[PDB]
Every structure is written in structure tokens, then in C-alpha cells.
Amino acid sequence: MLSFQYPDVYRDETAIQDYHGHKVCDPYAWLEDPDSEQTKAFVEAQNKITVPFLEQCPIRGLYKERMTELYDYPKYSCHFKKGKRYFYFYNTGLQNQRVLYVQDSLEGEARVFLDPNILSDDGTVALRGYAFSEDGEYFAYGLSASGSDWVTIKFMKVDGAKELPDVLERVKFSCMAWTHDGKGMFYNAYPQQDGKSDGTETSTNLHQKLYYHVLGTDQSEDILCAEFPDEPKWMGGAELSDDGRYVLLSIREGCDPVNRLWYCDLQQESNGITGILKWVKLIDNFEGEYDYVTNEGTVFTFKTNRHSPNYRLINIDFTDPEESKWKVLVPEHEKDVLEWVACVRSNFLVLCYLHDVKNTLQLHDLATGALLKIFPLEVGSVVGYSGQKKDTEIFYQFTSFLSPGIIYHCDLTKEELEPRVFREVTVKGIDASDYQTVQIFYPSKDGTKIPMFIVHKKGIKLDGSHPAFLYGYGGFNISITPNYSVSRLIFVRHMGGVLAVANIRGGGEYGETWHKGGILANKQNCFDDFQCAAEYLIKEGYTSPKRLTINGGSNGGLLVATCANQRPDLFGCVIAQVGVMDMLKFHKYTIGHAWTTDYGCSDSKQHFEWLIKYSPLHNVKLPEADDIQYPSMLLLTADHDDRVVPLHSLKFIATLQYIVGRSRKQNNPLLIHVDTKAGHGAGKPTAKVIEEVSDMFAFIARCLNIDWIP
């Protein structure tokens, strides 16, 4: 297996930092600098041993070809109306980036509106955010290069798809909202910083400001409408009310589902948007989330979690703002999470609920909050929707582990609502009938029942002989719901695998209580939940530790890496994608400061104590038992991942290779693959996606010696 030698990596034994009396050495701290010749050489040497290992087993070629075939199917988004025209995204099958089409009529012939594919040879320039003007005659869109979060906003005139000269730079984590007068658009921008701003830098992002750009002018003329010099981490996103009268400002600090809500009655501005707006601080604290749904005059309907962990809808009247006066339009459910709400056809509300990690869709009346219609859906997730206040119809996209996805449409003007299939594509190759998805609830260490989805071929023997791929995230109120993955189904069909997704704490599956159940002092709950999920699959005979693979990305990357350190005996293979590995320094880079709401910060003595116990980078240790070694490990990252700076994986792999790799008993490989012209994941071209999943399953195939099944 290991027919190579790990690269010689220098250890700076003098790099020792004090954390409230706790001294920690950081010998690979030099890897934090992406531009040095030393780090560049480290990356080059790592990939030099990783690549040949991945490409050696012919299985990679078989998987790649099979993925190219199965992934080649029509992928559409929901149709959405803007002005007098309809729009929808569409990928014929293997295009690197999906294309935006336009058609003047629902029955009319569509034409390409914007094709990101012609902007680069390798499809590494992608659309990241967009917003049409209220009348739908002007379009603003963001473009990111090589997977970076940095955006450049460009403009177009819809009629004739004419390119405009307006160009906005230094845009990141930005809103995009046109004022209804059609004069300009609000957006967020960061101050000028030394060094690079292309996604390879590690520089922290602070002092984000809200600007307003007048169409037809240079960015230098942009009006500063809001800023927080005393609070560097505050981020203010703007949006216009459905009636265009109010600018709603949602200020966030961190990643908790909470925000301050300030508003500006545009009718009350002296003479238009000329500077800092006359903000009325309706909700001036970070105690709850207030998500704007719609308003009728001064009565604003918001989805909130204020003393409602599963979320509810409340009406706040600007003329009588006190909390005791707020009306509860749609009360919180005792268990089901209200994920999102949209207002359509003037007085209808589309409510989407998460019931035991499965979605439901319902139409409610705006005035009373009363349920009017239940849109029939199978076991899966709603991952697409269209229907604004002025629209008279809705489109919604449904998907599941076994179904590619069905797009439904419903004309809301009709007396009797008849929802119908608008678009449905099937993947000829993966016969859904041959598989089944079962949901179970297993007890974690403390007794808490945790949901887990298992996908496998029908009629398999539970004798523990099957390879398994267990996925998890566990954090930031993110719910891991059913989704169609061609890559995972190939593992099932062509590698005889068992798929599993553990809905561990930290996620939003059971509201804010579920979220708080996997954060700060209780982050260990996440790891414990996932480890118990692994034990469940083993105990119940779905797989065995030597046949088990665990995967996670970003916060899930931390999940799988930590689980490798804590229970190396439970897994055969671990694939950690773009993970947070250095829990003591994560807050120092790019947007890392925002994650402290989930992890805490090492600056605090109390937080450091939680963090030091699980930080992957600080817990690599040779297993005590002679018959126990670390499982095979593959860390995937990229040089433009400015969300989770690559240094996390660089320092981690260097530590794994030195501490564990050098031991005799370590026969399983510990590798890293750093991709070029790629970032955290969003906007990654189809070509790179296929290369990535091929590397993953080939690594698994080679390490567990799995035969490909034709």
C-alpha cells in the first residue's frame, strides 16, 4: 500500500503560545502563510504522493466514467417570473455551470440570458448571487472566480440582454436589493486591505458596510447608507419591503439565527438616499431572529424564533411596536420546525415545515394565519421555490435520496387549486425501485434519540459485510435533509455500499434546542452522536469498522477528523473535506470570527478548555492498543478556499503524518489533496465535481479493497 515516503516537513519547535497558562506548541505554524516558498513546496510534495495513489487503482477510471454517464441528465431550477418575463436555470447535463434562460411567455420559446460557461475555459467563474429590479427590466449578478467568496457585481438590461458598464468590487457576504424606483441597488462591500483579495489570502474580514449604487455611475460615487465602526464584526443586509416603502436592515454578528432589525421609511427621507439613513431601531439586540415575510401598511409579518425554538410567524405593527402588542399569526408547533415562509398572490403564505427531517408544504391565509391547502409531497426535501407577493402562481422543486427531483407548479388564481407536475427528469441507470430509504432513531451516549437515514439495496442481509458511507455535519442550525446524489448512489450500486446520514445535534432538525445541543460547551455532543451512529450501523449488521467510511465537509470536516482522533478503532476510512482543524486559531482568518457563536473562542479561558479537548490539530495521538492504528485518511481542500482557509488541513495532515504516519503500526495512508482554482465548494464546475467524487470513492475502494460491481 504505502509505496512512498511522506515529505520532510520542518517543525518549528520554538512556536509555542500561551493560552491562559496552557502552553501549546504549533510546529507547523509556518503553513499559515499561503504565499511562502516553503508552504508552496509542502503543498506540491503532498500532492505528488497523493495523486499517483488515487490514480493507481483502475476503479477510479470506472467510477469517473460511470459518474460522467449517470450525472449527465437535465437539471432545471424552478421557473420564476420577473416583470413580464420568466426565468429559470438549466444545465443540459455536463455543462460546468448551469445557464440562466429567459422567455417572454410560459409557453414561449426560451433563449439563453446569461451563460457563465463562456466566461472561462474551465468553468471556474460562477454566478454568486443576483437580483432583478422590481419591474424586472434590469439585472444585477455577482461573479466569483476560482471558488472564492469574493464577488464582482455586474449589470444587465434584460431587454436584449445588454451588458452595462456598472461594476462593483470588494463585494463579499453581500445583499442585493434594488429600490422600487429603479434608481439603484443596495449591496455590501469591505474596506480596502493590503495584500490580496482573490481567495488565497487569510486576512480577516471586518468593517463590512452597506452601500447604495446608482445605476449609471461609478462605484466611487456610491452612497454609504450604514456602517458600524465600533462593532467590526456586524454585517448589515438590506432588503426592500414588498411595497417598496421600507428598507429593512438585518444586522448580524456571528452565525446564530438572530438579528437586529432596523427600518427606514423611504417616504420620510429628506431628499432620497443621500447618506446615512434615518434608521428606526425596532429590534435593537441580538436576542432573536426576525425574518421579513411581507407587510400590509405598517403591519409587518416576520418568521421568528423569539421564545419559539421551532419558529413561528408574528405580526409587528410599526405604530404599536412593543412586544406585548405583537400578534401571533401562526403559532409555533411543539416539534415541527418552520423552515421558511413566503407570501404569494397578495394574501397567501406558503409555509414549509420540517417534520422528522422531511419537508411538508402548506398554503395559509395571510389575514388569519389559517391553513388552506396541503401540497402533497413524498418523503424528501423542497430545495427550490418561486412566488413573490405580486405573483399569482408558485413553482416548487422536490428531491429525495432516490429521485432526481420533480418541479411542481400551481396556478393560485384558480378557485380550486390543482398542483401539477411541471418538469420531471429521471436518471436511466439508477433504478429507484431496487433501493429503499429507512429512517431510524438511535440512542446517543446521553440517551437522546438521534435520527438517521439509511439507504441501501432491498433484501440485503444484515451480516455486517457491506461497505458503508456515513455522512454528518452537526452545526450552525443546518438540517441535513434528503437530497439526490448520483455519486453516492454509484457507491451503493457499483460498490455494494450502504448510505447513511446521521442528523446529529448542532443542526437545525429539531429547532434551536437541537442547535444549542451541539454548540459551545456541548460540542462534544456532536462527536458522541456521530460515533454512536457508527456503532449503530455496526451493531445492527449494516457494516463493520474495517468497511466503514465517514465523510463530512467544513464543520462536518471537523466532525470526521475529531472522530478519527477519538475513535480510530471505529472507522476504516475517513474523508474530511474543507474542514476546520485548528480550533484554537479558526477565528483569526477570513470569516472565521463568525463561527465563535457555535464553537466559542480560545481567547476566553473557559472556551479554550472546551476547544482543546476536541481540536483535531491538537489531539492527534498514537492509539494505545498495539492492534489499533489510525484509519486511512484523505483531506480534500483547495487553494482558493477563503471560507475555511487551507492552512487548517495543511497543518493537520503534517501533524498526522509526523505523529502517526511515522509509527510502524501505521499502514493506512494519511494524505491530502489540494486542488487549484477551487474554493470551499459553491460554484465548483461540473468537471471538478466529477474529479472530486472520483478521488473520494477511489480512495475508499483502494483502502478497503472493494471490488467494482459492473
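When you see a residue number, it is the position in the sequence shown, counting from 1.
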* To do: Can you let me know which of the two, 590-598 or 424-432, has the higher average C-alpha B-factor in the entry?
  => 424-432
* **607-615 versus 271-279 - which carries the larger mean C-alpha B factor in the record** => 271-279
* Quick one: which of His515, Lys183, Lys303, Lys335 has the biggest Cα B-factor according to the entry? -> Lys335
* Structure fact -> Reading the B-factor column for Cα atoms of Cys532, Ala521, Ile628, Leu548, the highest value belongs to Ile628
* **Ranked against its chain, the third holding the CA B-factor of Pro116** => middle
* Using the B-factors in the PDB entry, rank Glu32's C-alpha atom against the chain and give the third, lowest, middle or highest. => lowest
* **For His680, the third of its chain into which the C-alpha B factor falls** => middle
* Using the B-factor values recorded in the entry, state whether the Cα atom of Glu378 falls in the lowest, middle or highest third among the modelled residues of its chain. => highest
* To do: Using the B-factor values recorded in the entry, state whether the Cα atom of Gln666 falls in the lowest, middle or highest third among the modelled residues of its chain.
  => middle
